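Visitor: Dropping the structure in here first, questions after.
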Amino acid sequence: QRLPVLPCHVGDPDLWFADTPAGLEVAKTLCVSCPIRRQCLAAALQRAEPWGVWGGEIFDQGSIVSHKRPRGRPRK
DNA sequence: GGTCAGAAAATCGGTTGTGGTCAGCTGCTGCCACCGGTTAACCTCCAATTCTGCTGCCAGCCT
Ligand code: SF4
């Protein structure tokens, strides 16, 4: 079916929870071409997923952050 | 025009705090399900054929 075209499970699944701001960036933008962004993002927002890339967007424990804040002192 | 204390990020983890929450009985209380005993005019005996082997039976020579 359309399973190998689905960009979620094409490669290694441990990529999409890597705890670097730059590592998961290609994981987030790899769901640009995903055919099911609407329903996946809708399910992720309704069930309140606390981790990882969902619907081509990252998640905190309840909501969506724009980009994950890096380790260290943030920029003034 | 470079080194050292403080501030500010998640991050892994302990506290903690209470706010319900669900169950675990626990009486307990009513009830309900189930088992056992009892009834004192009289009237006291049932509703097909084919083949093989076994046993019961009667005349009848033999002693
Ligand atoms: S997170 Fe995005 S890319 Fe991954 S399966 Fe869901 S919609 Fe597709």
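Chain A residue numbers are taken from Swiss-Prot; in order, the displayed residues are 13-88.
Going by what the header records, the deposited coordinates were determined by electron microscopy, 2.9 Å.
Here the Cβ of each residue, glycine as well, is placed from N, Cα and C on the backbone.
Below are the features listed in Swiss-Prot for this protein:
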{"type": "DOMAIN", "residues": "A:19-76", "note": "domain '4Fe-4S Wbl-type'"}
{"type": "BINDING", "residues": "A:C20, A:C43, A:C46, A:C52", "note": "[4Fe-4S] cluster binding site"}
Visitor: DSSP on the domain '4Fe-4S Wbl-type' (A:19-76): how many residues come out helix, how many strand, how many coil?
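Guide: Residue counts for the domain '4Fe-4S Wbl-type' (A:19-76) by secondary structure: 25 helix, 2 strand, 31 coil.
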Visitor: Among the binding-site residues listed here, A:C20, A:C43, which has the most company in the form of other Cβ atoms within 10 Å of its Cβ?
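Guide: By the 10 Å Cβ neighbour count, A:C43 comes out on top.
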Visitor: Enter the number of other CB atoms within 10 angstroms of the CB of A:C52 ([4Fe-4S] cluster binding site).
Guide: 18
Visitor: Whose Cβ lies within 8 Å of the mean position of the Cβ atoms of A:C20, A:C43, A:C46, A:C52, the [4Fe-4S] cluster site, other than those residues?
Guide: A:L18, A:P19, A:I48, A:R49, A:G67, A:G68
Visitor: For A:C46 ([4Fe-4S] cluster binding site), write down the residues of its own chain that are at least 6 apart in sequence and whose Cβ falls under 8 Å from its Cβ; none is a fine answer.
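Guide: Same-chain residues close to A:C46 ([4Fe-4S] cluster binding site) (Cβ under 8 Å, separated by 6 or more) are A:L18, A:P19, A:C20, A:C52, A:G68.
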